[PDB]
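Data first, discussion second: the structure below is written as structure tokens.
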Amino acid sequence: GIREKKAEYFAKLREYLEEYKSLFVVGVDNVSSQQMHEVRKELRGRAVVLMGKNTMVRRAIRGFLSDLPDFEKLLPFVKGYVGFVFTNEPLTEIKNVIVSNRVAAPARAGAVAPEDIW
Amino acid sequence: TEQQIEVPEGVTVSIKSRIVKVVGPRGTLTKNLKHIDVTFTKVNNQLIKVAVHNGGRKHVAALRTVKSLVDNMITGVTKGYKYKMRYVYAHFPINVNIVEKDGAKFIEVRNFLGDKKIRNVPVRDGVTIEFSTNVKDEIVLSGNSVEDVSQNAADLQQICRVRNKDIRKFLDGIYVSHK
Amino acid sequence: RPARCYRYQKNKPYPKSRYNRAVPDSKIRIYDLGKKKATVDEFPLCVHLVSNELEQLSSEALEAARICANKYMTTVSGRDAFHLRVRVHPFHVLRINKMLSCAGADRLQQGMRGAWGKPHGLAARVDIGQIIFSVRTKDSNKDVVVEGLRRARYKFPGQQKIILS
Amino acid sequence: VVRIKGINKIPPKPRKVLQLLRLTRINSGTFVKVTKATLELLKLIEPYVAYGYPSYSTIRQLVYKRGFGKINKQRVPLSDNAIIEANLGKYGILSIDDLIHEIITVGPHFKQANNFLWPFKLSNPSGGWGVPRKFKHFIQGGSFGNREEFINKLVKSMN
Amino acid sequence: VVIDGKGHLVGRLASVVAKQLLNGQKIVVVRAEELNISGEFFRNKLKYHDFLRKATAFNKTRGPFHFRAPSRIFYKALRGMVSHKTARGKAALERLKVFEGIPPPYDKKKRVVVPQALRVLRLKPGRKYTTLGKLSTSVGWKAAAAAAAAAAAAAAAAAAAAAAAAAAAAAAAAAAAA
RNA sequence: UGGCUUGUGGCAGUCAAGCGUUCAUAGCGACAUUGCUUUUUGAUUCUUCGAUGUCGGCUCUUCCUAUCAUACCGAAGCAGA
RNA sequence: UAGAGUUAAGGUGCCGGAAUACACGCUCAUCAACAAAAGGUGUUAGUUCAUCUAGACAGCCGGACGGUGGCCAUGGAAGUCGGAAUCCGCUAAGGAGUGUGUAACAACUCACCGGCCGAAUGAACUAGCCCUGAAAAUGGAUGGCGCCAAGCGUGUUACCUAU
RNA sequence: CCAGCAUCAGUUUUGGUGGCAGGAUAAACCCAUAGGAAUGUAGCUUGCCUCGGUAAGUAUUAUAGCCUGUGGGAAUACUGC
């Protein structure tokens with residue numbers, strides 16, 4: 001598994017996260033077909049709701065450092081089948097539509113502009 | 001290399017040459033445990049430690065397994081394993097008596113296929129074979145050992161394997177369910 | 001005579017058009033196959049089935065290897081990306097003795113006297129360095145003749161060393 | 001020069017060049033020439049007759065016990081006086097050290113002119129031949145070729 | 001010279017015995033069954049020198065006679081070394097008789113004092129190897145008490161040593177207590 | 001006659017493209033070869049003229065399994081059979 | 001023609017005289033004791049390279065998405081026939097697809113890929129010991145005893161050796 | 001009368017052990033001193049996580065590679081005794 005892929009992987013997430021402000025970890029706690037894309041269509045523009053291997057993005061949020069801190073206290077949110085959502089489509093609009101669809105199997109929480117919310 | 005295996009409060013391990021004993025409330029089980037060079041007679045209070053100097057493919061085999069079977073003997077003598085089979089039959093009602101009353105260290109299968117005869121096998125050590133609740137398909141072994149417990153799966157399976165008529169069509173056969 | 005007994009050669013050369021009282025017919029159907037066109041054009045890759053030995057590859061097995069590989073290379077295409085050759089010919093007419101018999105016979109047919117191997121077969125010589133089954137095949141993707149050189153050396157006596165050319 | 005291989009089993013190509021050595025059975029060895037002539041001799045009969053570079057002491061013990069004439073059995077054994085002086089006298093070589101510094105240097109005389117035999121009968125080497133015998137020549141580890149250092153104690157046994 | 005054939009290989013004892021018998025020295029070997037020949041139980045099964053296929057039913061009228069016992073192996077084996085052919089050979093054969101069991105109760109050259117070789121160590125060496133007192137069982141070898149009992153006889157010999165033995169020991173002990 | 005080779009050739013491994021309903025190997029197998037082997041069927045005067053008398057069968061004196069049937073086992077494109 | 005002095009060709013576990021020696025090493029199958037096409041998780045070493053805390057790899061655990069039955073062979077073709085375009089989607093992953101399944105839908109699984117875990121793993125290339133291919137008839141019948149080193153290579157040493 | 005073999009005393013020839021030396025040479029079983037490059041073990045201190053350890057400083061506890069300069073060691077292939 002080539003490191004030229006993985007190096008530009010965690011580096012790209014840094015650039016996207018420096019550009020944005022807020023974070024919120026998604027809870028993918030067992031789905032069913034159509035309910036995946038029913039999340040996605042309520043966002044649409046520039047959000048972050050794909051997936052991608054956790055070990056790579058574990059390195060991204062650790063080796064962040066925009067000012068002085070990284071994404072502190074983020075690791076107790078992200079373990080198991082989990083996700084993120086950030087980038088530039090407006091803030092609260094992105095945030096509430098995750099937990100529009102995901103009220104059946106709900107989503108988690110995360111630090112919004114980093115003020116810690118749980 | 002060398003590995004470590006502990007022993008809890010109400011269990012006493014005692015290896016003494018290759019002869020091992022693990023003690024528990026179900027029974028106390030003996031096997032042997034010693035390959036080439038490897039000395040497992042190193043009792044460091046609680047920790048019984050296997051240790052060898054050499055390595056190699058077939059040699060590393062008897063480094064791990066002597067470590068494994070003392071952990072498996074403590075689970076055997078304390079808790080007790082449950083190895084799982086089922087009596088299956090096609091048409092004819094397969095009839096079984098267990099190691100209690102009639103069975104004096106033997107189990108029996110009669111009316112296997114179309115038997116007027118009987119196919120008989122003994123049983124091993126101190127295995128308390130738990131056949132049925134009221135009536136069940138499942139026979140389930142349990143005893144003080146690990147080896148001798150599921151040896152009563154071997155006993156029972158081989159003696160009435162579907163040989164003289166086909167296994168494919170005729171479904172009188174006591175097959176294994178899972179380990 | 002299997003091709004075990006069409007291996008070596010104390011059969012010495014004899015092959016000219018002037019001095020010959022007529023050869024028999026051969027099996028040999030076609031030389032170059034797959035591509036006629038591309039020798040080294042489409043094919044910068046080759047495998048030569050280079051002899052270790054100084055054998056006669058008899059005309060029996062010569063057609064055999066070539067026709068197995070002919071029938072095979074129709075699935076991929078009947079003119080796929082290979083160029084299976086025949087090179088060195090049965091120039092030499094293979095001399096083979098018998099009907100023979102000393103005493104107690106039709107006319108007497110000898111063997112010792114009557115040393116002349118009365119021309120029966122045909123054989124090519126495929127000596128050291130030389131090959132018949134030169135397979136100029138393609139660079140990327142479809143190389144098929146590495147497989148088809150098991151199928152070449154089988155219908156050939158001897159232990160040929162596979163060299164990339 | 002020495003001799004290693006036996007009397008038998010010699011084709012007419014070795015048989016010609018063995019002729020004017022005048023050498024019968026095994027071990028016995030003559031004193032050959034050295035100019036260009038030595039090359040063609042130890043080219044053909046290289047695996048028959050071996051050679052090497054001996055010292056001064058190496059061919060000193062040799063002409064003592066194996067101290068021959070041609071004609072007449074030897075009265076006085078071969079000292080310095082037994083060559084030149086003594087009762088009668090031979091040619092006129094002085095010591096055994098003058099006899100070695102005769103032949104090895106340039107060789108102004110052959111041994112028949114000094115009134116000895118044409119070859120000299122030697123011995124077998126004490127310490128043996130063994131693996132350095134028939135098997136190969138010098139660069140592997142053989143009897144044949146130019147044994148430079150090794151021919152010292154070898155011929156201080158064959159003496 | 002009396003030795004003991006106990007707890008080592010068979011051939012690397014037989015060889016050592018032969019050079020001792022050479023002149024006419026009266027070497028008796030005591031125990032054959034507690035030796036060890038090698039081989040499998042598969043290849044070394046069918047064609048083996050007890051009863052299975054070969055050397056038992058292995059005779060004519062004027063012809064061979066073999067064995068089906070772990071006692072008779074070592075007796076037949078050391079005609080098969082020192083033959084009856086030469087005059088010293090047949091003489092040297094009579095100097096040797098092998099015994100099953102240990103009829104001498106005393107300790108001669110046995111375990112600690114023996115010649116070289118013999119007691120091979122199997123570690124990296126040796127998965128498969130037989131034992132003569134296993135191999136001969138379903139060959140016609142019974143009657144264990146008779147031969148196997150011999151061990152019981154060897155025991156009573158030990159006993160004779162241990163006596164009086166025990167006495168001189170108890171004494172020897174008091175000697176050093178001093 | 002015996003020896004030798006296996007010529008003339010038998011058997012198997014097997015290159016496995018074809019073709020059998022789809023489908024390299026239930027089966028059928030273009031094209032043939034490599035090792036083994038000594039059976040179809042013979043090449044050779046090696047070893048033999050003070051004997052080298054034949055075939056089918058009766059009768060009675062062996063050993064091996066390249067295996068028909070009896071003990072034991074497994075699989076199918078075989079419903080029990 | 002004879003007794004000594006020295007050694008070849010070649011031997012020393014034993015029949016039957018001489019090391020049950022010394023040093024290092026793969027391997028212990030009694031290898032040693034014939035055999036090709038053609039083939040292998042025994043078992044060891046060297047070289048080059050994919051691969052690696054920029055989270056290697058396995059097992060266990062998931063997301064199996066919207067456009068959508070993409071399009072077209074064809075009687076029908078359905079991701080799932082043949083052949084080409086080669087994406088959008090949501091831009092921390094799902095290709096216009098790794099394998100199964102029904103004429104086919106109906107049904108199912110997943111490389112690609114996700115999530116636990118946390119260190120050297122894996123392709124080639126080259127060499128050696130092993131290992132598979134190998135059937136016949138009188139009593140060991142590929143040694144008598146038998147040997148796991150008393151086999152063999154490489155390096156060394158001692159003893160024996162032709163009139 | 002040749003070969004085997006012969007009292008008793010003295011000596012040669014050939015090879016080795018053991019002690020010693022020359023040709024000719026200096027590595028060693030193991031040999032000085034000064035300056036610069038290096039980097040191993042014990043002990044102490046400081047920092048951080050965790051109950052088990054690790055990183056940094058340590059020339060200021062103790063010791064070394066390899067080169068350069070100066071100075072000092074040095075029995076043996078061959079050959080003889």
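Just so we're on the same page: first chain in the structure tokens is A, next is B, and so on; residues restart at 1 for each chain, and ligands are numbered from 1 in the order they show up.
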
Closest atom pairs, segment 2-95 of chain B residues within 10 Å of segment 118-139 of chain E, only C-alpha atoms, as a Markdown table:
| residue | atom | partner | partner_atom | distance |
| --- | --- | --- | --- | --- |
| B:35 | CA | E:123 | CA | 9.0 |
| B:36 | CA | E:123 | CA | 5.6 |
| B:37 | CA | E:123 | CA | 7.2 |
| B:59 | CA | E:124 | CA | 9.5 |

Could you please take those selected residues and save C-alpha atoms as a short mmCIF file (atom, residue, chain, number, x, y, z; two decimals), in the first residue's frame?
data_model
loop_
_atom_site.label_atom_id
_atom_site.label_comp_id
_atom_site.auth_asym_id
_atom_site.auth_seq_id
_atom_site.Cartn_x
_atom_site.Cartn_y
_atom_site.Cartn_z
CA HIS B 35 9.61 -31.87 22.87
CA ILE B 36 13.33 -31.60 21.90
CA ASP B 37 15.45 -29.47 24.31
CA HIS B 59 10.82 -26.58 16.61
#

To test your reading of the structure, identify every residue in chain E that backbone DSSP assigns to strand (DSSP E or B), and report it as an NGL selection string. :E and (29-30 or 98-99)

Can you write just those residues out, C-alpha atoms, as a PDB file, in the first residue's frame?
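The resulting file, part19.pdb, is shown below:
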ATOM      1  CA  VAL E  29      26.654 -60.144  25.823  1.00  0.00           C
ATOM      2  CA  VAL E  30      23.822 -59.948  28.341  1.00  0.00           C
ATOM      3  CA  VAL E  98      24.020 -64.064  24.143  1.00  0.00           C
ATOM      4  CA  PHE E  99      21.469 -64.156  26.970  1.00  0.00           C
TER       5      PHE E  99
END

Give me the segment 37-80 of chain F side of the contact with segment 135-157 of chain G, cut-off 8 Å, one line per residue showing its nearest atom pair and distance in Å at one decimal, counting only C-alpha atoms (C1' of nucleotides), sorted by chain and residue number, as a tab-separated table.
residue	atom	partner	partner_atom	distance
F:63	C1'	G:137	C1'	5.7
F:64	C1'	G:137	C1'	4.2
F:66	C1'	G:135	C1'	7.0

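The neighbours of residue 156 of chain B here are the residues that come within 9 Å of it, using only C-alpha atoms (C1' of nucleotides) and leaving out any residue fewer than 5 positions away in the same chain; they are residues 107, 108, 109, 120, 121, 122, 123, 151, 161 and 174 of chain B.
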
Pick out the residues sitting within 9 Å of residue 101 of chain C, and hand them over as a count of residues only; count only C-alpha atoms (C1' of nucleotides), and ignore anything fewer than 4 positions along from it in its own chain. 7

Could you name the residues that touch segment 157-172 of chain E at 8 Å or less, counting only C-alpha atoms (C1' of nucleotides), but leaving out those on the same chain fewer than 3 positions away, as a list in words? residues 103, 104, 105, 106, 153, 154, 175 and 176 of chain E

Residues of chain H were defined as contacting chain D if any atom lay at most 12 Å from it, counting only C-alpha atoms (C1' of nucleotides); please report them as a PyMOL selection string. chain H and resi 13-15+77-80

Show me, as a list in words, every residue of chain C with an atom at most 8 Å from chain F, counting only C-alpha atoms (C1' of nucleotides). residues 1, 3, 4, 61, 64, 67, 68, 71, 72, 98, 100, 101, 150, 151, 154, 155, 156 and 157 of chain C

Near segment 82-93 of chain B, within 10 Å and counting only C-alpha atoms (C1' of nucleotides), which residues show up once chain neighbours fewer than 6 positions away are dropped, as a tab-separated table (two decimals) with N, CA and C atoms, in the first residue's frame?
chain	number	residue	atom	x	y	z
B	76	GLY	N	-10.63	-26.13	31.00
B	76	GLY	CA	-11.25	-27.43	31.06
B	76	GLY	C	-11.63	-27.84	32.46
B	109	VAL	N	-25.46	-46.72	20.04
B	109	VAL	CA	-26.31	-46.27	18.97
B	109	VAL	C	-26.89	-47.55	18.44
B	110	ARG	N	-28.24	-47.65	18.45
B	110	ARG	CA	-28.95	-48.77	17.87
B	110	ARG	C	-29.99	-48.16	16.98
B	111	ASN	N	-30.38	-48.91	15.93
B	111	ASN	CA	-31.26	-48.48	14.86
B	111	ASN	C	-30.61	-47.33	14.11
B	112	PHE	N	-29.36	-47.58	13.66
B	112	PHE	CA	-28.61	-46.71	12.79
B	112	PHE	C	-28.87	-47.29	11.44
B	113	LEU	N	-29.39	-46.47	10.49
B	113	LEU	CA	-29.86	-46.91	9.19
B	113	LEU	C	-31.08	-47.80	9.37
B	114	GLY	N	-30.88	-49.14	9.41
B	114	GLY	CA	-31.97	-50.07	9.64
B	114	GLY	C	-31.57	-51.18	10.58
B	115	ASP	N	-30.57	-50.94	11.47
B	115	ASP	CA	-30.02	-51.94	12.38
B	115	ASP	C	-31.05	-52.65	13.22
B	129	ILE	N	-21.37	-36.65	29.86
B	129	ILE	CA	-22.01	-36.38	28.60
B	129	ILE	C	-23.45	-35.98	28.85
B	130	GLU	N	-23.81	-34.76	28.41
B	130	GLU	CA	-25.11	-34.18	28.62
B	130	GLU	C	-25.92	-34.36	27.37
B	131	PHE	N	-26.56	-35.54	27.22
B	131	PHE	CA	-27.47	-35.81	26.13
B	131	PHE	C	-28.84	-35.37	26.58
B	136	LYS	N	-33.64	-34.05	22.70
B	136	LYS	CA	-33.02	-33.13	21.79
B	136	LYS	C	-32.42	-33.96	20.68
B	137	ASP	N	-31.99	-33.26	19.61
B	137	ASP	CA	-31.22	-33.81	18.51
B	137	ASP	C	-29.78	-33.83	18.96
B	138	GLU	N	-29.35	-32.70	19.57
B	138	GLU	CA	-28.00	-32.43	20.00
B	138	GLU	C	-27.58	-33.32	21.14
B	139	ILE	N	-26.35	-33.87	21.03
B	139	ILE	CA	-25.60	-34.42	22.13
B	139	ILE	C	-24.46	-33.46	22.31
B	140	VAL	N	-24.10	-33.16	23.58
B	140	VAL	CA	-23.09	-32.17	23.85
B	140	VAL	C	-22.25	-32.70	24.97
B	141	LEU	N	-20.92	-32.74	24.74
B	141	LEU	CA	-19.96	-33.33	25.63
B	141	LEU	C	-19.56	-32.27	26.64
B	142	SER	N	-19.09	-32.69	27.84
B	142	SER	CA	-18.49	-31.77	28.79
B	142	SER	C	-17.74	-32.63	29.77
B	143	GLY	N	-16.56	-32.19	30.25
B	143	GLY	CA	-15.81	-33.00	31.18
B	143	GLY	C	-14.73	-32.17	31.79
B	146	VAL	N	-9.91	-31.43	28.06
B	146	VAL	CA	-10.19	-30.73	26.84
B	146	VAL	C	-10.26	-31.83	25.81
B	149	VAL	N	-12.70	-34.96	26.47
B	149	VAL	CA	-14.06	-34.50	26.40
B	149	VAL	C	-14.58	-34.67	25.00
B	150	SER	N	-13.84	-34.12	24.01
B	150	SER	CA	-14.23	-34.18	22.62
B	150	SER	C	-13.79	-35.49	22.00
B	151	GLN	N	-13.04	-36.33	22.75
B	151	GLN	CA	-12.71	-37.67	22.32
B	151	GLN	C	-13.96	-38.52	22.28
B	152	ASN	N	-15.01	-38.13	23.04
B	152	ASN	CA	-16.31	-38.78	23.04
B	152	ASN	C	-17.17	-38.28	21.90
B	153	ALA	N	-16.64	-37.34	21.08
B	153	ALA	CA	-17.21	-36.96	19.81
B	153	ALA	C	-16.65	-37.91	18.77
B	156	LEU	N	-18.01	-41.62	19.11
B	156	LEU	CA	-19.39	-41.70	18.71
B	156	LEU	C	-19.57	-41.52	17.22
B	157	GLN	N	-18.69	-40.74	16.55
B	157	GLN	CA	-18.81	-40.44	15.14
B	157	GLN	C	-18.29	-41.58	14.30
B	169	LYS	N	-27.12	-39.83	0.32
B	169	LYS	CA	-28.55	-40.05	0.28
B	169	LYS	C	-29.09	-40.35	1.66
B	170	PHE	N	-28.53	-41.36	2.36
B	170	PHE	CA	-29.05	-41.82	3.63
B	170	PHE	C	-28.51	-40.94	4.74
B	171	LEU	N	-29.43	-40.29	5.49
B	171	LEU	CA	-29.08	-39.25	6.43
B	171	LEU	C	-29.11	-39.74	7.86
B	172	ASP	N	-28.86	-41.05	8.09
B	172	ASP	CA	-28.54	-41.56	9.41
B	172	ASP	C	-27.05	-41.41	9.54
B	173	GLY	N	-26.64	-40.51	10.45
B	173	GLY	CA	-25.25	-40.19	10.62
B	173	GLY	C	-25.21	-39.21	11.75
B	174	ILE	N	-24.28	-39.41	12.70
B	174	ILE	CA	-24.04	-38.45	13.75
B	174	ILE	C	-22.83	-37.66	13.33
B	175	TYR	N	-23.10	-36.48	12.73
B	175	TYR	CA	-22.09	-35.61	12.19
B	175	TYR	C	-21.77	-34.58	13.24
B	176	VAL	N	-20.62	-33.89	13.07
B	176	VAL	CA	-20.21	-32.80	13.92
B	176	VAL	C	-21.01	-31.57	13.54
B	177	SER	N	-21.38	-30.74	14.54
B	177	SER	CA	-22.13	-29.53	14.32
B	177	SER	C	-21.15	-28.42	14.08
B	178	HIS	N	-20.25	-28.21	15.07
B	178	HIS	CA	-19.15	-27.29	14.98
B	178	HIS	C	-18.23	-27.73	16.08
B	179	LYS	N	-16.98	-27.22	16.08
B	179	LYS	CA	-16.02	-27.46	17.14
B	179	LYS	C	-16.56	-26.80	18.44

Within 9 Å of residue 22 of chain B, counting only C-alpha atoms (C1' of nucleotides), which residues show up once you throw out same-chain ones fewer than 3 positions away? Write them as an mmCIF file with C-alpha atoms, in the first residue's frame, please.
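In the end it all went to around-v3.cif:
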data_model
loop_
_atom_site.group_PDB
_atom_site.id
_atom_site.type_symbol
_atom_site.label_atom_id
_atom_site.label_comp_id
_atom_site.auth_asym_id
_atom_site.auth_seq_id
_atom_site.Cartn_x
_atom_site.Cartn_y
_atom_site.Cartn_z
ATOM 1 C CA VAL B 11 -6.208 -23.606 40.536
ATOM 2 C CA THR B 12 -2.860 -25.309 41.143
ATOM 3 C CA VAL B 13 -0.545 -25.987 38.206
ATOM 4 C CA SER B 14 2.310 -28.412 38.807
ATOM 5 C CA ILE B 15 4.637 -29.583 36.046
ATOM 6 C CA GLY B 27 -11.197 -32.951 38.035
ATOM 7 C CA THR B 28 -7.418 -32.977 37.772
ATOM 8 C CA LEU B 29 -6.070 -33.735 34.300
ATOM 9 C CA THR B 30 -2.787 -35.385 33.229
ATOM 10 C CA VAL B 70 -1.938 -25.262 30.129
ATOM 11 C CA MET B 73 -6.402 -27.298 30.753
ATOM 12 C CA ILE B 74 -7.345 -24.533 33.264
ATOM 13 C CA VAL B 77 -10.911 -28.252 34.791
#

Tell me, in Å to one decimal, how far atom CA of residue 72 of chain B is from atom CA of residue 126 of chain B.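 So the answer is 16.6 Å.
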
Report as a PyMOL selection string the set of chain G residues whose atoms approach chain D to within 9 Å, with distances computed over only C-alpha atoms (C1' of nucleotides). chain G and resi 6-8

Mind dumping the selected residues with N, CA and C atoms (P, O5', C5', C4', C3', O3' and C1' of nucleotides) as a PDB file, in the first residue's frame?
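So the final result, stored in result.pdb, reads:
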ATOM      1  P     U G   6      62.702 -44.875   7.039  1.00  0.00           P
ATOM      2  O5'   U G   6      62.124 -44.669   5.572  1.00  0.00           O
ATOM      3  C5'   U G   6      62.420 -43.443   4.880  1.00  0.00           C
ATOM      4  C4'   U G   6      61.826 -43.434   3.460  1.00  0.00           C
ATOM      5  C3'   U G   6      60.300 -43.329   3.348  1.00  0.00           C
ATOM      6  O3'   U G   6      59.876 -41.974   3.581  1.00  0.00           O
ATOM      7  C1'   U G   6      61.075 -44.980   1.858  1.00  0.00           C
ATOM      8  P     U G   7      58.319 -41.648   3.602  1.00  0.00           P
ATOM      9  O5'   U G   7      57.947 -41.527   2.067  1.00  0.00           O
ATOM     10  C5'   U G   7      56.568 -41.542   1.657  1.00  0.00           C
ATOM     11  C4'   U G   7      56.407 -42.166   0.258  1.00  0.00           C
ATOM     12  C3'   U G   7      54.959 -42.595  -0.025  1.00  0.00           C
ATOM     13  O3'   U G   7      54.252 -41.502  -0.619  1.00  0.00           O
ATOM     14  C1'   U G   7      56.361 -44.456  -0.295  1.00  0.00           C
ATOM     15  P     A G   8      52.674 -41.523  -0.737  1.00  0.00           P
ATOM     16  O5'   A G   8      52.404 -42.349  -2.064  1.00  0.00           O
ATOM     17  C5'   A G   8      52.813 -41.740  -3.300  1.00  0.00           C
ATOM     18  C4'   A G   8      52.474 -42.624  -4.504  1.00  0.00           C
ATOM     19  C3'   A G   8      50.991 -42.842  -4.779  1.00  0.00           C
ATOM     20  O3'   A G   8      50.471 -41.644  -5.355  1.00  0.00           O
ATOM     21  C1'   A G   8      52.227 -44.842  -5.145  1.00  0.00           C
TER      22        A G   8
END

Output the contact residues of chain A with respect to chain G at a cut-off of 8 Å, based on only C-alpha atoms (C1' of nucleotides), as a count of residues only. 29

Selected residue, from G:26, G:78, G:9, G:34, that lies nearest to residue 134 of chain G when counting only C-alpha atoms (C1' of nucleotides):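 The shortest atom-to-atom distance to residue 134 of chain G comes from G:34.
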
Quick check, in Å to one decimal: how far apart do atom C1' of residue 17 of chain G and atom CA of residue 8 of chain E lie? 27.2 Å
